[PDB]
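Breakdown of the fold
One letter stands for each residue in the lines below.
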Amino acid sequence: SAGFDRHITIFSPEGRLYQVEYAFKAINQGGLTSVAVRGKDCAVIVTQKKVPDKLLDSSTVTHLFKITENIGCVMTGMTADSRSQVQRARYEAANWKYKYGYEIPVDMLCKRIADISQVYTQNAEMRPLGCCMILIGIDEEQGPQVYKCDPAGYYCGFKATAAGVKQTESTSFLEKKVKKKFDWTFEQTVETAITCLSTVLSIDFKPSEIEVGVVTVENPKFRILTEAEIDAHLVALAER
Amino acid sequence: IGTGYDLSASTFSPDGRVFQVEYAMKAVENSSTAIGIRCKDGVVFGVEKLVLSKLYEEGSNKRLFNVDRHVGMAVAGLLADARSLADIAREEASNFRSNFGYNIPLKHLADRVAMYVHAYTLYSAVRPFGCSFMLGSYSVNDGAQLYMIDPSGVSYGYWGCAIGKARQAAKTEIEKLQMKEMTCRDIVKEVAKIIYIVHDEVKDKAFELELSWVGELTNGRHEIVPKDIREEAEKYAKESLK
Amino acid sequence: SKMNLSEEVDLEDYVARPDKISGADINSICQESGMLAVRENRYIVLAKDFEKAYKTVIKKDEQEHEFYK
Amino acid sequence: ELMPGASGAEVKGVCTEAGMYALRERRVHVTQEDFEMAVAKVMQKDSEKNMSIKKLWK
Amino acid sequence: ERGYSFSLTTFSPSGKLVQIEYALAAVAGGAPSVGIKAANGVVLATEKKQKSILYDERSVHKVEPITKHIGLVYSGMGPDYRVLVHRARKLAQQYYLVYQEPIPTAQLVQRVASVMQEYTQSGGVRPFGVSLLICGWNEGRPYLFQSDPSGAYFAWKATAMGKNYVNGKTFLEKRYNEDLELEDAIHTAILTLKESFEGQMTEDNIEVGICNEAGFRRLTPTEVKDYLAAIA
Amino acid sequence: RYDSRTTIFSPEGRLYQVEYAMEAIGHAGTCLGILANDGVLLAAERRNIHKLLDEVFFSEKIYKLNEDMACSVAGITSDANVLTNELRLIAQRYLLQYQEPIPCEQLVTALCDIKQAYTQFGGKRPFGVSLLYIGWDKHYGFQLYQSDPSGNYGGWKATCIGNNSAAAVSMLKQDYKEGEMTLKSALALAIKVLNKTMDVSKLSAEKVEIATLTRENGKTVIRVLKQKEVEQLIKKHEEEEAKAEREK
């Protein structure tokens, strides 16, 4: 029955790899939560910020990073694992640019990093980097993409996704929003993401507890939403 | 208690946590207390070094390394682990200088060393570095930064932080201190008195105080506090501790 | 049979749904239907509480991580 | 010949099941078809459903 | 029997390696998939059903082409299937480079089975939790093979592995005939998916691919919807 | 206990992992080979033909290795394929180095050395495969060798390995006239053995896999019995059995 949860490379009866699910729970162990939503020509990622004390430099506690000039990323889970994962992603993106001479698409980047994670989960020489990944970007002839990678090596495209402690409730709220079949303009995408986080946390957050990154077709550069712009967006949402 | 899952650093727990990293956390928490504060134009460091026997020479087990000419190094935990970490950080800074031709930014050096200490966390044939260390630097075109990297591999930027058995106490005592305005002169005294109050005399006595800083006051160069400034800081600590 | 009249609910369609449910599960579905009818205070079951009972009994919640399938 | 590796108890069970197949149709005689279905019913056993497991060995 | 269900290099006293059987059990718990060899071609189908319609179904594909005439479908893990796809593509391209000729599906199945079994050689690496279905057309003959985590490879007139594989196999053996046509083969594959699909297959809920004298092509969602309407 | 990795020794001296590799062959399909005066053959059982196997194949159990070499396999499929590939590799390497077809003894010893190396050291599970090599050479004419997962081998004139191999070989040795069997008598004996050793009252030609090696006119020809040929052989045997039982 049990006792097979010790080694990553050990298949339990009924073919269940426990250690992978243990890493999936280590993702929630980070204590945070993030969501990503994609519109017709925009893709917004927004994550919660917890600051135990003003003693920290808030400019260096960012949880969303920049893989390339036009591909953004946000992650949750073990933060050191997250930083290693973004370092590997940047390496892979630049190496792809070198080898093939054009910018890495989001789908292929997620595929390659998920292949890396699968190789990690296949041999017992690694701990499988227990941190989730969410990438956003724009590709010609396809539009915006939102892509999620997990320590299991599973990657998929998402019209809107989530990660963290509130995975299930955020996904349910996003389901409720998506089944209404609405266009999701840029402002309304950001609004829906912020409302998702607020309702799933029930905090009605102050604007200083959030970082947002968006990518649009008119602004392919992965722009991190500064304090003034997030203030505008969420105060307008509060008044709207 | 996590028995059966804490024997290796590559095995997760049902709660989803690597217990070897938490045990390194505990090892750091059971060590001496070191603090650092970043002034307007530089950073300063303070260490509560416990002299375990009077037989040791003054300055034995120097806990304030200097990774680069402009980069400080304050550590806590295992001294051997700390020396190995300082050595690999020095190697990383030297490689950065050799390849890129200019001084390594403190944020980039902290990122690289945190990546390395993480690489020593997720294996099974190695053990996580059981020491938390501080990083401080001052650049005229970049500014002054402070970074705390623990065996978990995380590298956050702190205004001024502490590591050791007096973590929470030094947090509370440094919160009331307003930090952003003054320079090293009006912060070394504060660091000295904080270190002298957090230390407990009834148990774990016989400690000596050592300070280091980097900034334009020393032309962006990390070095030990000069003897005159050290003794005036000690005098301020004595008068303030009454 | 001992139940109250079901006001013309698609019992045959409920049967036609492919679900690996035992006779105990069917008894549970009917029992849940009765409980819901009592809770909302109406003696004649209709498709709403019968459907809610069906979802409750045969839930078969998995949540299984996607990499398995 | 239709009962390869069948114990004597299974042979008696085959006789009994053929008799019951006769009984169900409210007859008293037993035909060859009755014995054939009795052999099929008594000796019925669960095989390896998964062909992949069964093809582990050459 | 417990002490021998932990390593891939130790024989159980009675039978054989238990980790291989456990990987096969992982395969059996995957998404149902069927493959049918018609007289003129081969078809393979699988269900893409997943909760949270937020998921972009076009992003990933369970039916992928290896070369101009070889396609494959899995039943089990996703990432292991992706790794198997990469390895199979590499082997096919190596064979093409050395022989300057499209790789016959039999040789591809042998090489990919060797690749999967090479992960069963030693401990510290786990066997792939994925069973493959290989469809191909060459020498005027459609071929259908199944590759196993154990490295065993065998041919199949019409099979169905994954979840509810036993009922699918019973249905196929009650439905499949050697003189089947490609369109009726696709119809039978879709019906085999349907009987255990649990949720009214849509144009995107299932993914099918066909292979014939004109090579292997994964069917577009429009043709899948047309076939679904025809079956109804 | 001493049932850990194969590189362990029981206090009584037994190699338990090797022993389990031995006993594992009893789960494999039954295959046998008989040495006749002017020919050799390999008879094997197709244990797994459910309803829908393509039969796109030349032989599953029997594997041809060289223009003079053929063998039957019995064990795990993966180890079977690996061992057959290595057999082809070593045979062709000998052909390249010496410009001569490899002797049966030399090739069998090479494979058995590989198998022993897989149980001698390295912490690797031994090949759970037993082989029946068929071939001809100028050194000893027609030879039959039975391999072994332990890395041993033996020269035989009649040998059966697989399920019910003990009873099959016992009756075979009870009913073998050494030095006075042609190909036809050997084929009839093999059919009778497969009848007595398989769990079917009337075995079908599909479940039977027979390949014959015969040297004639300067060259050795390896052919598997066609469906019509094997059907004719089994029907000849069943009418012979009917004649035997009516005479009794």
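Before reading on, note that the structure itself is shown above.
Presented here is an overview of the structure given in this document.

Thresholds applied
- Residues numbered from 1 in each chain as written, not as in the entry; some residues may be left out.
- Chains lettered and ligands numbered in written order.
- Part of a larger assembly, values for the part shown.
- Heavy atoms only, no water.
- Residues with missing side-chain atoms left out of burial classes, pairs and counts.
- Helix = DSSP H or I, 4+ residues; strand = E, 2+ residues; numbered from the N terminus.
- Rg over C-alpha atoms; globule rule 2.2 N^0.38 Å.
- Contact = heavy atoms within 4.5 Å.
- Axes fitted to C-alpha atoms, helices over the stretch in contact; angles between N-to-C directions.
- Parallel < 35°, antiparallel > 145°, perpendicular 65-115°, else oblique.
- Left-handed = near helix turned anticlockwise from the far one by under 90°.
- Buried < 20%, exposed > 50% of the residue type's maximum accessible area, 1.4 Å probe, protein only.
- Pairing = 2+ DSSP bridges.
- Salt bridge = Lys/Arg side-chain N within 4 Å of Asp/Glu carboxyl O.

This part covers the overall build of chain A. A tally of helices and strands in chain A yields six helices and ten strands. A globule of 240 residues ought to have a C-alpha radius of gyration of about 18 Å, and chain A, at 18 Å, matches this closely. When its C-alpha atoms are laid out on the principal axes, chain A stretches across 55 × 45 × 45 Å. Considering only contacts within chain A whose residues lie at least 6 apart along the sequence, 63% involve residues at least 24 apart.

Turning to the packing of helix α2 (residues 78-99) of chain E against helix α3 (residues 105-118) of chain E, a few remarks are in order. Residues and elements named next belong to chain E. Contact geometry of α2 with α3 gives a least axis separation of 10 Å together with a crossing angle of 135°. One finds that α2 runs oblique with respect to α3. Viewed along their axes, α2 and α3 form a crossing whose handedness is right-handed. Across the interface between the two elements, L84, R87, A88, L91, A92 and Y95 of α2 pack against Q107, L108, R111, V112, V115, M116 and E118 of α3.

Moving on, we get to the pairing of strand β2 (residues 42-48) of chain A. Residue and element names in this part refer to chain A. Burial runs high along β2: seven of the seven residues are buried. Taking every second residue as pointing to the same face, both faces of β2 are buried, with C42, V44, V46 and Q48 on one and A43, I45 and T47 on the other. Pairing analysis gives five bridges linking strand β1 (residues 33-38) to β2, with the strands arranged antiparallel. Bridging from a neighbouring strand, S34 pairs with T47 of β2. If you look at the hairpin formed by β1 and β2, you'll find three residues sitting between the two strands. Here seven bridges tie β2 to strand β9 (residues 210-216), and the two strands are oriented antiparallel to one another. Within β9, the residue paired with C42 across the bridge is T216.

Next up on the list: the pattern of salt bridges. Taken as a whole and judged by the stated rule, the model has 54 salt bridges over all chains. A:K40 is the partner of A:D183 in a salt bridge, and the nearest nitrogen-oxygen pair spans 2.5 Å. One end of the pair, A:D183, is in the loop between α4 (167-178) and α5 (186-201); the other, A:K40, is in the loop between β1 and β2, with 143 residues separating them in the sequence. We classify A:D183 as partly exposed; its relative accessible area is 40%. Several salt bridges share partner residues, and in doing so they unite A:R16, A:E21 and C:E64 into one network.

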